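Sequence lines, in order, name chains A and B.
Residues 299 to 343, 348 to 718 (the UniProt record's numbering) are what the first sequence spells out, left to right.
Residues 299 to 343, 348 to 716 (the UniProt record's numbering) are what the second sequence spells out, left to right.
Quick reminder that beta carbons are idealized off the backbone N, C-alpha and C, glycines included.
Let me begin by presenting the structure, written as C-alpha cells, before commenting on it.
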Amino acid sequence: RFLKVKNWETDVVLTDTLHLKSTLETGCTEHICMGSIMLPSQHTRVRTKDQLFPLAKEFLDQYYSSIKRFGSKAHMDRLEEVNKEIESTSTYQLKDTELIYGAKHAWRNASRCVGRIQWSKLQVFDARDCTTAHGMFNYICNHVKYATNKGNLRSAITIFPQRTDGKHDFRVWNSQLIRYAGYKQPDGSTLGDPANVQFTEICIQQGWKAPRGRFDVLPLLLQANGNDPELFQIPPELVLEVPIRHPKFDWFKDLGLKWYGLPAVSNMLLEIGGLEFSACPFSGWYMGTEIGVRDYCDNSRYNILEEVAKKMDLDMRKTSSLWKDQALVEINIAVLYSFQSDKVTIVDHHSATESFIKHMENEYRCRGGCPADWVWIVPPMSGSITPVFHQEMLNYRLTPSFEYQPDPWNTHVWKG
Amino acid sequence: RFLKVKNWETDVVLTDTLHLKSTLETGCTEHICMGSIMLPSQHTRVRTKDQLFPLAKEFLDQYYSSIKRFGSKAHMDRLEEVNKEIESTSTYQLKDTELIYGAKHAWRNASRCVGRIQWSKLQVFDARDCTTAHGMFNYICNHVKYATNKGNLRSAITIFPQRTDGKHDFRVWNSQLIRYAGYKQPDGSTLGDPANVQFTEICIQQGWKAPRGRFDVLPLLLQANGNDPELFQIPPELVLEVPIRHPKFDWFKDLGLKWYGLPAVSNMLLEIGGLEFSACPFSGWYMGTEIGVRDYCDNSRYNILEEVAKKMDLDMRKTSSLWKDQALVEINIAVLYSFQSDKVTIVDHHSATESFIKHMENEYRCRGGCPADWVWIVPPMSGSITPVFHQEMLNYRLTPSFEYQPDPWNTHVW
Ligand code: HEM
Ligand code: HEM
Ligand SMILES: CN(C)CCc1cc(F)c(F)c(CCc2cccc(N)n2)c1
Ligand SMILES: CN(C)CCc1cc(F)c(F)c(CCc2cccc(N)n2)c1
Ligand SMILES: C[C@H](O)[C@H](O)[C@H]1CNc2nc(N)[nH]c(=O)c2N1
Ligand SMILES: C[C@H](O)[C@H](O)[C@H]1CNc2nc(N)[nH]c(=O)c2N1
Ligand SMILES: [Zn+2]
Numbered sequence: 299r300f301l302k303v304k305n306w307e308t309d310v311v312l313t314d315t316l317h318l319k320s321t322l323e324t325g326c327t328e329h330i331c332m333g334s335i336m337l338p339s340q341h342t343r348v349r350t351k352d353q354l355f356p357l358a359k360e361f362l363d364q365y366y367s368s369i370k371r372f373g374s375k376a377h378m379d380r381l382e383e384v385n386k387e388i389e390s391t392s393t394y395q396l397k398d399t400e401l402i403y404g405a406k407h408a409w410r411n412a413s414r415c416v417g418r419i420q421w422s423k424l425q426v427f428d429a430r431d432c433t434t435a436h437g438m439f440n441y442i443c444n445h446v447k448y449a450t451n452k453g454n455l456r457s458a459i460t461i462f463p464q465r466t467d468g469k470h471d472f473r474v475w476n477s478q479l480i481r482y483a484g485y486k487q488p489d490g491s492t493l494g495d496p497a498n499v500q501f502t503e504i505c506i507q508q509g510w511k512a513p514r515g516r517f518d519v520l521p522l523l524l525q526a527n528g529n530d531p532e533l534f535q536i537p538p539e540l541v542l543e544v545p546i547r548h549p550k551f552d553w554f555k556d557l558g559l560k561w562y563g564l565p566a567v568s569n570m571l572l573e574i575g576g577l578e579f580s581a582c583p584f585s586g587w588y589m590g591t592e593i594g595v596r597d598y599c600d601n602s603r604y605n606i607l608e609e610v611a612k613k614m615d616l617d618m619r620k621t622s623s624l625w626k627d628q629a630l631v632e633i634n635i636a637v638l639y640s641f642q643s644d645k646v647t648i649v650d651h652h653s654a655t656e657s658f659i660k661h662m663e664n665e666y667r668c669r670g671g672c673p674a675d676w677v678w679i680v681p682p683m684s685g686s687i688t689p690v691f692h693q694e695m696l697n698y699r700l701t702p703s704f705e706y707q708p709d710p711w712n713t714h715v716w717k718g
Numbered sequence: 299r300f301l302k303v304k305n306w307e308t309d310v311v312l313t314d315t316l317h318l319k320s321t322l323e324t325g326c327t328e329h330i331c332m333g334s335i336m337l338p339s340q341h342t343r348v349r350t351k352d353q354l355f356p357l358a359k360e361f362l363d364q365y366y367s368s369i370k371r372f373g374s375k376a377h378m379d380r381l382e383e384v385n386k387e388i389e390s391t392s393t394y395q396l397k398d399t400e401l402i403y404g405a406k407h408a409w410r411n412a413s414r415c416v417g418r419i420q421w422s423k424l425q426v427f428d429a430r431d432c433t434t435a436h437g438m439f440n441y442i443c444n445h446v447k448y449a450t451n452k453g454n455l456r457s458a459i460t461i462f463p464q465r466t467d468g469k470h471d472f473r474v475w476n477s478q479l480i481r482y483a484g485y486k487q488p489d490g491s492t493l494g495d496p497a498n499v500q501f502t503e504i505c506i507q508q509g510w511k512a513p514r515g516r517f518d519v520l521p522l523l524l525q526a527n528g529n530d531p532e533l534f535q536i537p538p539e540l541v542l543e544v545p546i547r548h549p550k551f552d553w554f555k556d557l558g559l560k561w562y563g564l565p566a567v568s569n570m571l572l573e574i575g576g577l578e579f580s581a582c583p584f585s586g587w588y589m590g591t592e593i594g595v596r597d598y599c600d601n602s603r604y605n606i607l608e609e610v611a612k613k614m615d616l617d618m619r620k621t622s623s624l625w626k627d628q629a630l631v632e633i634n635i636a637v638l639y640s641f642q643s644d645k646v647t648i649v650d651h652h653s654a655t656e657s658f659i660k661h662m663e664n665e666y667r668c669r670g671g672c673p674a675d676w677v678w679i680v681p682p683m684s685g686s687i688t689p690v691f692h693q694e695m696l697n698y699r700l701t702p703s704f705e706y707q708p709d710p711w712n713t714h715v716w
C-alpha cells in the first residue's frame, strides 16, 4: 500500500513506501490527531532478553542490507553471535561499524530535524570505554574542540556506554553542552536565560560558584555508571562566542548581547537495535532563527523584543503596527550578520528549508520516503515564504532513533 | 483517555473530554500522522435510507440538550416525526431553529478556523426556497450587502436547498464570492491572480468578456438544481475594495495594489444531521496575513516580494539578508493600515490568535474541549511570537461540519 504527498506551490507529487517499514507508534488514532503535542509519551522514554533479540535482528537486517551483504555468511554468523551473547549475558555489544551506521541513521530518521541533508557526514566518537565523570568531561572537551573547529563547524556525536539495568546509567545532566545560566531574583525578575533557572539552581546546590551574570556558561554536570553527578567547567578557550551587532544599527551592540557558536544537544536517548544509549551528546551548527526568534524573542526566554522595539522607536501602543514582527526581523538580521562576520558557521531559514526540500525529494527517490514533522520543520518566522510550508509531509517513527527521556534529577537515586 | 493539552509559554493545562464525542475520522493512524495533508479523503464529500436516521438522531439529541430539553416531550416527538418523514420521503427538512443551530455549530467545530470566538453571532439566511440561478444571484447580492455593511463587517451564511439525489445539486462555482481574475500571457507569465486562471478561463469559455486587468472582479457562476450554470456580475457598489498604501512609504501607493474587504468562501459543503448543503456561501472579515502573506507574497500568487524589496533598496543578492522577511512585514503593515484607514473591519494576527487562546479557554471550560488544527491555526508569519505557536491542540472531527467537495466542472454533466 502506497501513499502520496503533494507540494502545493510546485505541484510535485511523491510516493512514500518507507512508512511500511515503520513499527513504533505515532500517538495519533483514527479519531484524534496529536500532531501538535510536544512530548507525547511515545516519543519519550529497562528491556529484557524477551524482546531484545528481534530488535537486534531487525537492526542487523537493515545494517547488512545497507552494505549489500544481506543473507551473507557474515550476516548469518553475526545474528548467531548476537543471539548467544543475549541469552548468556542478557545484552549485546555493537561493532564499531554498526554503531556508526546506527548513529547516522538515528539522525536520518529524526523527523523533526530540518538539517538532515547532512546526515551521512557525521563524526562519531566512540566513548563506550568511559567509566568516570572525569572520563566523560575529557570526551566532551574533545567533542567541543573537534566540532567547533575555530568556527568552521563539523557535526559530531559522542556515545557513552549503553544502559544495562537502568541503575548504572551514564547521563549528561545539562540539556545542551553549552548554555547560559538563569537566575531568579527575589523581586521576581529573571537574570540570564529563564529556560535554565531550574538547572542553574541544581548546579549552585552541587557547589557551583555562580558569577550571576547575564551570559555565564553553565558547568558540565556529568553522571557515570549511575554514580552521583559531578561538576566540571568547560575551558573558556573551547567555548566559541559571537558578540551580536547589527549591520545598520550602531546602537545594537550596546544591548550587550552575545551567543555561543555550537548547538550541542545532550539530554536525548539514542536507540540502536534495542540498545539504549542514555548519554549521547550531538552537535551541528545553528539555523539563525533558533537564536534570533526562539532564544532572544520568546516571551519566556530573553524576551528582548521590547528593548529592541524601543531603540528602533516603533509604534508600540497597538499591536497592529506589527512592531513585534519588525523588531524580530532586525534581531534575526543581526544574529546572521554577527556569525557570518566572525566566520562562524550558520544557515538562514530560507537556505535550510530549500536544502531540506531537496533532501526530502532525494530521500523519496532512493529510500522510498522521508518521515517529516511539519509542525517542527516549518521555521518559527516567515513560514509561508519558505518552501516547506507548502510541502505535505508524512510523520512516522523509524529506528534507529533519538528519543526524549526524563530529566535525571527526577529519577536519580542519590548516594550521598 | 481524558486527554490534556499544555501551553508551553504559560504552563496552562486544559483537559479535553469533548473529543470522545468525535464521530468521523482524521486520516491518521498510530503508525502514521497525516496532520500536514491538505485534503485527506475524509475532509471531502447520496444517503441510503438507513444511514440517514442515526445521523438525524445524533444531531437532534445534541440540539435538544443545548436547549435543556433532552428527553422531553418535544424531544421524542420531533424524533418520531423525523423518523416518520425519513421512512417515507427518504430525507427530511430541518426546522428553522435547527438550521440556525446546525450552521453555528459547523463553524464552532471548524478546527482550522482561528476566528471561531465569534461563532455564536452568525447571521443565517435561509435560502432553501430558491429554485433558479437568478434567485441564487439575488440571495447572494443580499448576503454581500448585509455582510459588508458599509465596512462594518458582519458574519453571515446563506444556505441553499439541500442535496436530494446528487443530480440536482445547487452549487456556487466560484471558490469565493469575490475574487480577482487571472490571465495567462503570451510570454508564459501570468497577469492577475494565478490561483484563478482555470476559473477565469471557464468564465470566458462561458461568455464573460474579461477587462484583462490585474484586479478584475470575477463574475458569479451559479448552478441551480443541477442545471448548466449562469454568469452574473456582482454590482460594483456592493464590492467594497481597499487601495493599499503604507503609513511611512509614500511610494507604496504607486505599486497600484488593492484588495476587497469581504472574504466569502463559497465552494464548501455544509453537513447537518446527515443532510448535505452543497451551496452555503459564508463570510466573515479578513485576518491581515491572509492578504499580505499568502495572497500577495505566495510564489504561486501575486508574488510581489521582488518589487517591494527593490523599491525598498534592500540587498537582494543573499537570502541571509532576510530581505524577503523585511519586505513581508512592511506589506502586512500596509494592509492593516489601509483597511483601518478606510474603516473596513480587519484583525491582525496577534489579536486573532490571542482571541483564539481565549476562545479555547472558554470552550474547554463550558464545552469540554475545542478541536484545533495547529498547522492551520498558526499564522504564516511571525509564528512563534503569537501565543498559538506554544499551544498544544487536539484535532478531531465533530459534526455539524463544513467539508470540502469536488470542483463542479469536473463533475457536471455539461
Ligand atoms: C547540521 C546542522 C543542523 C541543523 C541546522 C539542525 C536544525 C534543527 C532544528 C532547527 C531543529 C528544531 C529544534 C528546535 O527548533 O528546537 C532540529 C531538531 C532536531 N535535530 Fe537537527 N540540526 C542539525 C544537526 C543535527 C545533528 C548532527 C543531529 C544528531 C546527530 C540532529 C538531530 C536532531 C533531532 C533529533 C531533532 C529533534 C528534536 C526533537 O525531537 O524534539 N540534528 N534540528
Ligand atoms: C469572522 C472572522 C473570521 C476570521 C478572522 C477567520 C479566519 C480564518 C483563517 C485565517 C482561516 C485559515 C484559512 C486560510 O488561511 O486560507 C480560516 C479557516 C476556516 N474558516 Fe474562519 N474566519 C472567520 C469567519 C468564519 C466564518 C463566519 C466561517 C463559517 C461560518 C468560517 C469557517 C472557516 C472554515 C470552515 C475554515 C477552514 C476550511 C478547512 O477546513 O480547510 N470562518 N478562518
Ligand atoms: C523542547 N525544546 C527545548 C527542544 C529543543 C531541542 C531538542 C532537541 F532534542 C534537539 F535536537 C534540538 C535541535 C537543536 C539543534 C541541534 C543541532 C543543530 C541545530 N542547529 N540545532 C532542539
Ligand atoms: C487551501 N485553501 C485553498 C483553502 C481556502 C479556504 C477555504 C475555506 F473553507 C476557508 F474558510 C478559508 C478561509 C477564508 C476566510 C473565511 C472567513 C473569514 C476569513 N478571514 N477568511 C480559506
Ligand atoms: C505546542 C507546539 O507543538 C510547540 O510549541 C512546538 C511547535 N513547533 C516547534 N518547532 C520547532 N522547531 N521547535 C519547537 O520547539 C517547537 N515547538
Ligand atoms: C502542505 C500544508 O498542509 C499546506 O501548505 C497548508 C499548511 N497550513 C496552512 N494554513 C493556512 N491557514 N492556510 C493554508 O492554506 C495552509 N496550507
Ligand atoms: Zn496525526
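Suppose contacts are defined by Cβ-Cβ distances below 8 Å. Is residue i in contact with residue j by that definition?
i      : j      : result
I633/B : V610/B : yes
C443/B : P537/B : yes
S392/B : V595/A : no
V348/A : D467/A : yes
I419/B : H692/B : no
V637/B : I593/B : yes
Would you tell me roughly how many angstroms separate the C-alpha atoms of residue i and residue j, rounded to the nearest one?
i             : j      : result
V631/B        : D627/A : 7 Å
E383/A        : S368/A : 20 Å
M336/B        : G325/B : 11 Å
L301/B        : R547/A : 45 Å
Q507/A        : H714/A : 16 Å
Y403/B        : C582/A : 56 Å
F372/B        : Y366/B : 5 Å
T701/B        : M378/B : 21 Å
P356/A        : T350/A : 12 Å
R669/A        : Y639/A : 37 Å
residue 727/A : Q478/B : The first residue shown for chain A is 299 and the last is 718, placing residue 727/A beyond what the model contains.
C331/A        : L316/B : 14 Å
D644/B        : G563/B : 10 Å
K304/A        : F551/B : 39 Å
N498/A        : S334/B : 32 Å
Pick out whichever of the options has its Cα sitting closest to the Cα of residue i.
i      : options                        : result
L607/B : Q500/A, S684/A, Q478/A         : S684/A
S339/B : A358/A, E328/A, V690/A, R465/A : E328/A
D495/A : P488/A, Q507/A, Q487/A, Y482/A : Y482/A
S320/A : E389/A, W678/A, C672/A, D709/A : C672/A
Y441/B : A674/B, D615/B, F361/B, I459/B : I459/B
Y706/A : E573/A, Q420/A, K613/A, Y394/A : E573/A
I480/B : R514/B, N569/B, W553/B, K370/B : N569/B
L523/B : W711/B, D309/B, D597/B, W587/B : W711/B
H652/B : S623/B, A358/B, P689/B         : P689/B
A358/B : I388/B, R343/B, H341/B, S374/B : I388/B
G576/B : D314/B, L401/B, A376/B         : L401/B
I659/B : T434/B, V646/B, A629/B, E694/B : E694/B
Checking the sheet assignment: what are the DSSP bridge partners for residue i?
i      : result
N634/B : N634/B pairs with nothing; no bridge assigned.
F427/A : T460/A
- [ ] Kindly provide the chain-ordered list of residues whose Cβ lies closer than 6 Å to any non-hydrogen atom of ligand 2.
- [x] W409/B, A412/B, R414/B, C415/B, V416/B, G417/B, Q420/B, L424/B, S457/B, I459/B, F584/B, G586/B, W587/B, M589/B, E592/B, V649/B, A654/B, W678/B, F704/B
Open item on the list: Output needed in chain order: residues of the stretch 620-634 of chain A with a Cβ under 8 Å from some Cβ in chain D.
Closed with: Judged by its chain identifiers, the structure shown contains no chain D, and its protein chains are A and B.
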